[PDB]
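Top line first, the protein sequences correspond to chains i, w, e, Q, l, k, f and r. Going by PDB author numbering, the first sequence wraps up at 347, each residue one higher than the last. Going by PDB author numbering, the second sequence wraps up at 355, each residue one higher than the last. Going by PDB author numbering, the third sequence wraps up at 154, each residue one higher than the last. With PDB author numbering applied, the fourth sequence covers 34 to 73, 79 to 86. Going by PDB author numbering, the fifth sequence wraps up at 603, each residue one higher than the last. Going by PDB author numbering, the sixth sequence wraps up at 98, each residue one higher than the last. Going by PDB author numbering, the seventh sequence wraps up at 76, each residue one higher than the last. Going by PDB author numbering, the eighth sequence wraps up at 459, each residue one higher than the last. Shown next, in structure tokens, is the structure this report addresses.
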Amino acid sequence: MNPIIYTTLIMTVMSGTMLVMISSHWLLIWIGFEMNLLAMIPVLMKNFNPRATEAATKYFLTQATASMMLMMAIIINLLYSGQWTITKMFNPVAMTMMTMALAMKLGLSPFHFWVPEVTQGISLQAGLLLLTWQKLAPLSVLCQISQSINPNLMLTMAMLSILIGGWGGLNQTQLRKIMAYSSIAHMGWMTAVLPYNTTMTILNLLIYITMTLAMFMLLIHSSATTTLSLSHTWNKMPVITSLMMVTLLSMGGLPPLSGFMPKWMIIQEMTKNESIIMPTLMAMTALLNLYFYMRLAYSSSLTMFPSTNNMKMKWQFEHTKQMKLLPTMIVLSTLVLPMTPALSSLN
Amino acid sequence: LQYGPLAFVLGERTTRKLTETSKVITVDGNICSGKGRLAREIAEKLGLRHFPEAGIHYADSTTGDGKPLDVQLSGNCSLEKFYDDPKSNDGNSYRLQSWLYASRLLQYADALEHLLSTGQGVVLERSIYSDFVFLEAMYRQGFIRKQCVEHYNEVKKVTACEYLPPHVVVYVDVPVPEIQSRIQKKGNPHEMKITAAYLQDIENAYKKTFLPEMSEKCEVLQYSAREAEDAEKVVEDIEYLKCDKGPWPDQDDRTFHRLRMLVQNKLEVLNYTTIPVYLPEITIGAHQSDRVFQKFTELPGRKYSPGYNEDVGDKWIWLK
Amino acid sequence: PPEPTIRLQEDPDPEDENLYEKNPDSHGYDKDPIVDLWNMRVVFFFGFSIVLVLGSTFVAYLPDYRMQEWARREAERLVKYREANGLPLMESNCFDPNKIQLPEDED
Amino acid sequence: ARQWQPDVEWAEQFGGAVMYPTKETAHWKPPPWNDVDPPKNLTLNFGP
Amino acid sequence: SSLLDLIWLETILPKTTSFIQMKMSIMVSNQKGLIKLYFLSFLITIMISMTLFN
Amino acid sequence: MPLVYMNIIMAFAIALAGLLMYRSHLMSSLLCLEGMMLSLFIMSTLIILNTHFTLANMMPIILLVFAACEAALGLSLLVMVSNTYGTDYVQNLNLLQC
Amino acid sequence: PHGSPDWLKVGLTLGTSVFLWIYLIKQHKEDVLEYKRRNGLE
Amino acid sequence: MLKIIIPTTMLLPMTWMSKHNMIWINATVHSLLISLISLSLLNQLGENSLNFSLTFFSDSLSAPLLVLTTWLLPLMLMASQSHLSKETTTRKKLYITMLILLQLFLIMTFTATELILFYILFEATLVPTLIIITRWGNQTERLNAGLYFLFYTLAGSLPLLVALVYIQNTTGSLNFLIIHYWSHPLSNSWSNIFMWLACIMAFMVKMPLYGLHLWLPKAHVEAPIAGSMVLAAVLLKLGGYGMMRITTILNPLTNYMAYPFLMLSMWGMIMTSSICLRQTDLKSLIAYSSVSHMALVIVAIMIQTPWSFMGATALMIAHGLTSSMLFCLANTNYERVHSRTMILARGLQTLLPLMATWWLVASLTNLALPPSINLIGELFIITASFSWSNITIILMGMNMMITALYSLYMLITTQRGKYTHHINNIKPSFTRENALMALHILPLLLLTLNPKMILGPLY
Ligand SMILES: CCCCCCCCCCCCCCCCC[C@@H](O)O[C@H](CO[C@H](O)CCCCCCCCCCCCCCC)COP(=O)(O)OCC[N+](C)(C)C
Ligand SMILES: CCCCCCCCCCCCCCCCC[C@@H](O)O[C@H](CO[C@H](O)CCCCCCCCCCCCCCC)COP(=O)(O)OCC[N+](C)(C)C
Ligand SMILES: CCCCCCCCCCCCCCCCC[C@@H](O)O[C@H](CO[C@H](O)CCCCCCCCCCCCCCC)COP(=O)(O)OCC[N+](C)(C)C
Ligand SMILES: CCCCCCCC/C=C\CCCCCCCC(=O)O[C@H](COC(=O)CCCCCCC/C=C/CCCCCCCC)COP(=O)(O)OCCN
Ligand SMILES: Nc1ncnc2c1ncn2[C@@H]1O[C@H](COP(=O)(O)OP(=O)(O)O)[C@@H](O)[C@H]1O
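Quick look at the structure:
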């Protein structure tokens, strides 16, 4: 499309998220969600083809249903107590409705089914935006009403999300599906700590966004969308594969990498609330995510796969365009464990 | 300021450069026909840039130094051994075909980049389109397998689905006996081993498939040997015709912007030339790939980016 | 079957290179004789000469921070004192009962 | 005398649509190399 | 060597875990991509959530 | 809470279930979405009028407009899908799968 | 490709670094004096 | 304690700024100097500890392990110099970087005054060794080996983390000094039973305990020589060190929660020993011998007596040195024959007499021949077990039998008999290999003269 129109659409998506973040009236939060959805659809279809159109229609259907139940929750809340301010819900029925709407907006299980297919349909830049920016508004709304949520439902969806992401990622050869299932698991981890500490939620969100940005930018740099296409990357740009392996090790939660910081703190916080079984189950389950990250690392950087002859010509060209902040993202997603006590900044 | 979205935002529009002289012409003729002499003449008369036919080392001439590299680093194939032993066990035939298609694709990208960035039209020899005839010929002589042609079709589909076909296609028709005589008087020992059937197959391919499919979407000037030396008439025919059936009139400034971003960034052009389908003729094992890539890096000006090689003579490294 | 029985384009497996043939008295450290000789010399000097000998003699003469002879002398003077004064050598209680407050049972 | 590196047969494991093929999913196919699927004027008769 | 070390110790901890995770991954990831089934499950989950939790 | 609110909420739930059924015909999906929106508009208007909350008389109109815009978007998507397949059946959208 | 050191970019980069370092030193001095004045150390 | 940490970190820039043909020399020489610095730590005191700072502290249990860790790196560099000759300079620097990082994490783990820092470094060590195994390994099974070595470990260690943070929420600290001084008994409860299991299982997996040892033969056989040396010499001792540290909060529960483990060891050390009698691979045989020795160390730690702890410290040091030497000998044979099958190359005493005497001394130390420190640890553990129960001697006694047996079997199969006729590429032993052998074995016979240096804090 036109660069001016694309810039306007991206700015409108940003403004929808910000309108959600800065408003105190439920109608304006709903309007921000509407504006965000309205401007997000063309971005998913920037590269026109049947797959992107199918992904966009699936995404529109899910987000429109979520917005309708969001509106329904707001009206029910209004009926019981005549308040428009975003605070703890005055009605139990309204709260559950609100919780499932935001679960669909985030992609938490069992409302996860759309994430892998939409991520597969769209390009890599659209996938980066969808898996990083499109989680800020629902999570901020959840943070604002965390004192209202029923812990049973919320923790049930969190544990289900972790299990589903771990299991579904094991069956994937496509990289975008792997990213989608990883995002589902990380949403589960983030939402498992809302009832107890929203600062831990924000810390996990920031760490995850950093790692996801690094991973998507590295996948774009070596323009690969499958396992075998990435297996050729060592034959042209081995530094990219080494950085990708270190980032994958970090994303699996291996100390002393950055990705160990959230789970550790989250586990620690839950232990403060006399919750022992759930964090244990969550860690043993995150081992599955680590397994398919390790499989990707084996296929990419720890072994050298057969190449092709036409690759020789690719040896004679450089990347014309660069991702700025890619080195910063890699460094921040691998080596910020010693800076852990900085979370008191209420990040 | 390299061309990008910001340049298009400020001033850069390439529809203001097109002056009806762009008219990308491509010339196709059977081996040993004087298409090259004719193509050069057409480019001389019309003011266009001539692109000599891509070889095994075409890409070597656009990057770093223009000198070709070793065969083991650039192409890993030879036409001479193809002529000598077309049915060899090391798969030189299909590796040669694939490398030449990649070179042709790369050349077309450079020609499109020039035409879009400056407005001056270009003239080419055998392009990505009509590259397949050597393919079909190699299959009809039994030189290559069916898996090779299916892989070629996959790569050609995925790559050629993104570029604009040429306006004018010029075919010089020379019968197989005449080109056989031209080869015999050429004196090249390897070219003399081209069998009659192979030449016929190449001729057959243009007539059976290339000429008819092209005629449906562009304008064709099929010429015989005698009618090809007098280039004034050829230029007259080129200028008289008006292209109104191709996709080119439908293109506009937004499509031009996308295409101009595609033609530069040669890594994106060559992205699908290395799809991970494993044909024994073109797939290379890890050890050989590793040592050959190491050797390529050891080349004088190839360890770093072009402006960061002290050995060739780059200065002020610590401030670039 | 026109297949070449060649699954891909691969280098043959290289054969082991003998370090002795190109260079007798080779020391097995490197294939460049000067670097190899210096590697041997540094290994032997810093391992056998410096760490192994000087470190061993350093460990042998480490001052008695564990206080072996101190405990011997203290026990010697206690035994001398309790023998001279008729004390019953070692006492069965580690702490004197005068300041241990047991809980009264009243059962 | 050489370190083992993956060959074509080892790489075929990761080339399918999914890991662990099943009887039901055996008919699935990997997506096109570019994410584009093949696509696979009315006449009016104004009579008297 | 064979009965315990190479067979049964393998069968108990690692092989069983691998088998179960493989089966669960197959069950989870075998979705035809038809939104009919997806939103039927969403209705099921929505109905269950309101009644079961409170 | 009187029975008029109960009936409007029941209508909303029926429309939501109908959307989640997906017999076929994505147009029916959009119809179910807009039936949900109509029920929402009616019940919000009833609540706002009943409690005499004057400044919130703004809210229903706003809701309507935004939802209608969504319908436009949805319609566009439906149209494009049909141009690829010739019809708007739900089962045509199975290229992307989990 | 073929490019000389862009002295404009180099100048801006070094100037930004120097400005940041100088501002940091001044800021630290100001915090030290302000803390001392607030807590009555010096 | 920074006087050792900082030079080890400085090893990295020196390696990365070295000339392409001077990396091995600089690494070996500097690492050796660092090892010399480690000797100062040994001058331990009979009272509490060398509490250097709030972060690090040294002890007469930690000091021998630190010295062994610093000493192992030069030997690993010497062993790796050979098979990495045809390797690019950047990748050789990467290999040395992996070794240096591994050493850095290991040195830090021992000072590690608090349990969370110890856990973090204890798990940080898992990354460089996994990269070493799955990158610079020859066979195709290495990938599986890596996976096993990973998940087993994490399967035991993630619960530990939970337990650890739980303790800090109840007691308020995880500093080892405060834990030791403010220790309280563990009541007989189900929750306490599971906290005991969470505390123990992480270290019990890395010993490895019999039944949980499947990862070890793989990860040792398909690893390169440096990886095998570091795995057997030091990485197996992390579990023992952690058990010795953490069992101060597990009393009096260990008085009966140790029964399933003791059995698994006392019988297990027999079973794995018998496995060594029928083995077609040298590396697998050495790995199973490691399993048996660590089973004995597990018994010692679970008994919890002063003699048990002294014997366990001595045995850990002795086993590290001996198993590293045995792996190095096996690799010297392998780099000539390229087979790693014990029956193939025979009669090597006739062709390599000095390798033959190195093999003999290594087998005699594995034999537990007095007065080697292997015997000192063996005997202290056996005496402590006899005091624990007079019947253990049978198992212990029979174990010694089998050990000697298979050890001499390994010496007779490979060194004695008749040379294999068709193998004609048995070149003379290099000075590098003889120097590696001497630098393994001389510290053992030097430590047998001053046993208090390696008998731990209960001496
Ligand atoms: C990799 C880790 C995450 C990335 C770190 C950030 C990198 C880029 C940041 C560049 C500057 C951003 C700072 C913004 C400038 C002004 C901030 C100010 O205006 O807002 C404050 C907010 O500032 C943030 O709180 C501080 C951001 C600092 C983030 C870093 C800490 C992350 C944890 C430690 C990881 C180690 C990272 C350190 C190495 C870079 C006031 O917040 P407040 O409106 O009143 O409360 C709303 C939030 N509530 C609801 C949770 C209470
Ligand atoms: C080849 C043919 C033979 C030729 C050689 C003939 C000569 C034979 C002599 C050699 C052995 C004969 C026995 C003689 C023994 C006398 C030496 C002994 O007495 O000294 C010991 C001293 O030895 C040291 O204590 C032990 C050496 C230190 C070992 C450390 C290893 C070196 C560092 C390498 C890295 C470490 C890796 C392993 C990690 C733990 C014990 O002495 P001790 O009575 O008690 O105190 C010393 C004197 N005081 C009282 C004043 C203090
Ligand atoms: C495969 C290689 C090795 C792997 C690891 C093996 C080691 C793990 C084994 C765990 C050690 C012991 C576990 C529990 C010990 C408690 C003592 C118990 O065994 O004795 C009786 C316990 O009674 C019964 O046994 C109840 C438990 C029966 C059901 C539990 C299953 C037992 C075997 C399962 C082992 C499975 C191992 C692998 C699991 C993943 C005493 O009865 P009672 O005096 O009244 O109650 C005392 C406990 N109180 C005071 C806290 C109440
Ligand atoms: C090598 C592979 C081994 C795999 C892992 C083996 C380790 C298993 C150890 C148990 C895991 C979880 C332990 C919890 C960590 C300690 C925390 C703790 O002790 O808190 C307990 C909590 O206790 C538990 O929650 C234990 C539940 C265990 C759930 C997971 C079961 C794991 C497997 C069970 C069967 C086998 C267990 C041992 C297997 C050994 C390895 C084979 C009590 O605290 P409170 O509840 O606050 O106080 C009581 C008053 N309310
Ligand atoms: N696609 C192709 N496949 C195989 N060989 C080709 C291909 N294209 C050109 N060639 C060979 O390259 C040589 C030069 O091309 P050509 O134009 O016919 O001769 P000339 O350069 O003398 O005019 C010829 O021998 C031709 O056969």
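Idealized CB from N, CA, C, for every residue including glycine.
Notebook entry, point to check: Any Cβ of chain f within less than 8 Å of the Cβ of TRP351(w)?
Noted result: The residue you call residue 351(w) lines up with position 316 of the second sequence. For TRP351(w), the answer is yes, since a Cβ of chain f falls inside 8 Å of its Cβ.
Note to self: On the criterion of 16 or more Cβ atoms from any shown chain inside 10 Å, does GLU123(r) qualify as buried, or is it exposed?
What the structure shows: Position 123 of the eighth sequence holds residue 123(r). With 16 or more other Cβ atoms from the protein chains shown falling within 10 Å of its own Cβ, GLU123(r) counts as buried.
Margin query: I'd like to know whether the C-beta atoms of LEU296(i) and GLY48(Q) end up nearer to each other than 8 Å.
Written below: What you label residue 296(i) is simply residue 296 of the first sequence in a count that begins at 1. What you label residue 48(Q) is simply residue 15 of the fourth sequence in a count that begins at 1. No. Outside cutoff.
Margin query: Using only the alpha-carbon positions, how far apart do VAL361(r) and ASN450(r) sit?
Written below: Locating residue 361(r) in the eighth sequence gives position 361, counting from the first residue. Locating residue 450(r) in the eighth sequence gives position 450, counting from the first residue. Roughly 20 Å separates the two Cα atoms.
Notebook entry, point to check: Do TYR206(w) and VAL255(w) have their C-beta atoms closer together than 8 Å?
Noted result: Locating residue 206(w) in the second sequence gives position 171, where the first residue counts as 1. Locating residue 255(w) in the second sequence gives position 220, where the first residue counts as 1. Taking 8 Å as the Cβ cut-off, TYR206(w) and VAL255(w) qualify as a contacting pair.
Note to self: I'd like to know whether the C-beta atoms of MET245(i) and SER300(i) end up nearer to each other than 8 Å.
What the structure shows: The residue labelled residue 245(i) in the question sits at position 245 within the first sequence. The residue labelled residue 300(i) in the question sits at position 300 within the first sequence. Yes, Cβ-Cβ distance for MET245(i) and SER300(i) is below 8 Å.
Checklist line | CA-to-CA distance, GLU316(w) to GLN182(w), given in whole angstroms | finding: On the second sequence, position 147 is the one that residue 182(w) refers to. On the second sequence, position 281 is the one that residue 316(w) refers to. Straight-line Cα distance between these residues: approximately 10 Å.
Check: Under 7 Å Cβ-Cβ, which residues of chain l neighbour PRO195(i)?
Finding: Residue numbering aside, residue 195(i) sits at position 195 when the first sequence is read from its first letter. Those do not exist, as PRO195(i) stays about 14 Å from chain l at its closest Cβ, beyond 7 Å.
Next item on the list: Give the straight-line distance between the Cα atoms of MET271(r) and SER551(l), rounded to the nearest whole angstrom.
Entry: Counting from 1 along the eighth sequence, the entry for residue 271(r) is found at position 271. Counting from 1 along the fifth sequence, the entry for residue 551(l) is found at position 2. The straight-line gap from Cα to Cα measures roughly 12 Å.
Next item on the list: For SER429(r), count neighbouring Cβ atoms within 10 angstroms of its own Cβ and tell me buried if that reaches 16, exposed if not.
Entry: As a position in the eighth sequence, residue 429(r) is number 429, starting the count at 1. That one is buried.
Notebook entry, point to check: Looking only at C-alpha atoms, which of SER148(i), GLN83(i), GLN147(i) and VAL118(i) sits nearest to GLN134(i)?
Noted result: Position 134 of the first sequence, counted from the start, is the residue given in the question as residue 134(i). Nearest of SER148(i), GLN83(i), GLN147(i) and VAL118(i) to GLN134(i), Cα basis: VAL118(i).
Notebook entry, point to check: Would you say the stretch 136-143 of chain w touches the stretch 69-80 of chain w, given that touching needs at least three Cβ pairs under 8 Å?
Noted result: no
Check: For the stretch 304-319 of chain i, which residues have a CB atom closer than 9 Å to at least one CB atom of chain w, in sequence order?
Finding: Listed by position along the chain: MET304, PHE305, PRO306, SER307, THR308, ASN309, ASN310, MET311, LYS312, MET313, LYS314, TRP315, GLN316, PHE317, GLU318 and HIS319.
Checklist line | Cβ-Cβ distance between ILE75(i) and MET43(k) below 8 Å | finding: Counting from one through the first sequence, the residue named residue 75(i) turns up at place 75. Counting from one through the sixth sequence, the residue named residue 43(k) turns up at place 43. Yes, the Cβ-Cβ distance between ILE75(i) and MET43(k) is below 8 Å.
Checklist line | Residues of the stretch 215-247 of chain w with Cβ closer than 8 Å to any Cβ of chain i, in chain order | finding: none
Note to self: Along the stretch 550-581 of chain l, where does the CB come closer than 7 Å to a CB of chain k? Name the residues.
What the structure shows: For the stretch 550-581 of chain l, residues whose beta-carbon sits nearer than 7 Å to a beta-carbon of chain k comprise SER578, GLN580 and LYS581.
Note to self: Using only CA atoms, which one of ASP285(w), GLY126(w) and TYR93(w) lies nearest to residue 15(e)?
What the structure shows: Not covered by the structure: residue 15(e). The range shown for chain e is 48 to 154.
Margin query: Please output, in chain order, the residues near ligand 1 using a CB cut-off of less than 5 Å to any non-hydrogen atom of the ligand.
Written below: The set of residues with CB atoms less than 5 Å from any heavy atom of ligand 1 reads, in chain order, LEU206(i), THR210(i), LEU332(i), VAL336(i), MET339(i), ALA342(i), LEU343(i), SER345(i), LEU346(i) and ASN347(i).
Margin query: Helix, strand or coil for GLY37(f)? Go by DSSP, reduced to three states.
Written below: Locating residue 37(f) in the seventh sequence gives position 3, counting from the first residue. Look at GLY37(f) here: in three-state DSSP terms it is coil, with no helix or strand label.
Notebook entry, point to check: For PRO159(r), is the beta carbon positioned less than 7 Å from some heavy atom of ligand 4?
Noted result: The count along the eighth sequence starts at 1 and reaches residue 159(r) at position 159. Yes - ligand 4 has a heavy atom lying nearer than 7 Å to the Cβ of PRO159(r).
Note to self: Using a strict less-than 7 Å threshold between each residue's beta carbon and the heavy atoms of ligand 2, what residues do you get?
What the structure shows: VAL98(e), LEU99(e), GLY102(e), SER103(e), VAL106(e), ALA107(e), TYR108(e), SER35(r), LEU39(r), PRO64(r), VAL67(r), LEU68(r), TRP71(r), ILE317(r), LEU321(r), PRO443(r), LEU446(r), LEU447(r), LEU449(r), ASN450(r), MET453(r) and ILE454(r)
Next item on the list: Determine the contact status of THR87(i) and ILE145(i), defining contact as a CB-CB distance below 8 Å.
Entry: Against the first sequence, residue 87(i) aligns to sequence position 87. Against the first sequence, residue 145(i) aligns to sequence position 145. Against a cut-off of 8 Å, the Cβ pair of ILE145(i) and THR87(i) comes out as a contact.
Next item on the list: Give a yes or no on whether 8 Å exceeds the smallest Cβ distance from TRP37(Q) to chain r.
Entry: Sequence index remark: in the fourth sequence, residue 37(Q) carries index 4 (1-based). Chain r contact via Cβ: present.
Check: Secondary structure at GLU318(i), three-state DSSP: helix, strand or coil?
Finding: Counting from 1 along the first sequence, the entry for residue 318(i) is found at position 318. For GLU318(i), the three-state secondary structure derived from DSSP is coil.
Next item on the list: Assuming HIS225(w) and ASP119(w) form a contact by the criterion Cβ under 8 Å, report the distance between their Cβ atoms to the nearest whole angstrom.
Entry: Residue 225(w) sits at position 190 when you count from the first residue of the second sequence. Residue 119(w) sits at position 84 when you count from the first residue of the second sequence. About 6 Å; that satisfies the 8 Å criterion.
Notebook entry, point to check: Cβ of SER265(r) within 7 Å of any heavy atom in ligand 3?
Noted result: Residue numbering aside, residue 265(r) sits at position 265 when the eighth sequence is read from its first letter. Incorrect: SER265(r) has no Cβ contact closer than 7 Å to ligand 3.
Margin query: If contacts are defined as beta-carbon pairs under 8 Å, then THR132(i) and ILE31(i) qualify, I think. What distance do you get, rounded to the angstrom?
Written below: Position 132 of the first sequence holds residue 132(i). Position 31 of the first sequence holds residue 31(i). About 23 Å; that fails the 8 Å criterion.
Notebook entry, point to check: Using 8 Å as the limit for Cβ to Cβ distance, is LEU218(i) near chain w?
Noted result: For the purposes of this step, residue 218(i) is taken as the residue at position 218 of the first sequence. Chain w, which has no Cβ nearer than 8 Å to the Cβ of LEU218(i), makes this no.
Check: Should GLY110(w) be listed as close to ligand 5, given that the test is whether its C-beta is under 7 Å from any heavy atom?
Finding: The residue you call residue 110(w) lines up with position 75 of the second sequence. Answer for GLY110(w): no, Cβ out of range of ligand 5.
Item checked: Min CB distance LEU41(w) to chain f below 8 Å -> As a first step, residue 41(w) must be located in the second sequence, where it is residue number 6. Judged by the 8 Å Cβ criterion, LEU41(w) is not in contact with chain f.
Next item on the list: Using the Cα positions of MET40(i) and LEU124(i), report the straight-line distance between them to the nearest angstrom.
Entry: As a position in the first sequence, residue 40(i) is number 40, starting the count at 1. As a position in the first sequence, residue 124(i) is number 124, starting the count at 1. Computed Cα separation, rounded: 15 Å.
Margin query: Could you check whether the Cβ of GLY48(Q) sits closer than 8 Å to any Cβ belonging to chain w?
Written below: Numbered from 1 along the fourth sequence, position 15 holds the residue referred to as residue 48(Q). It does; some Cβ of chain w falls within 8 Å.
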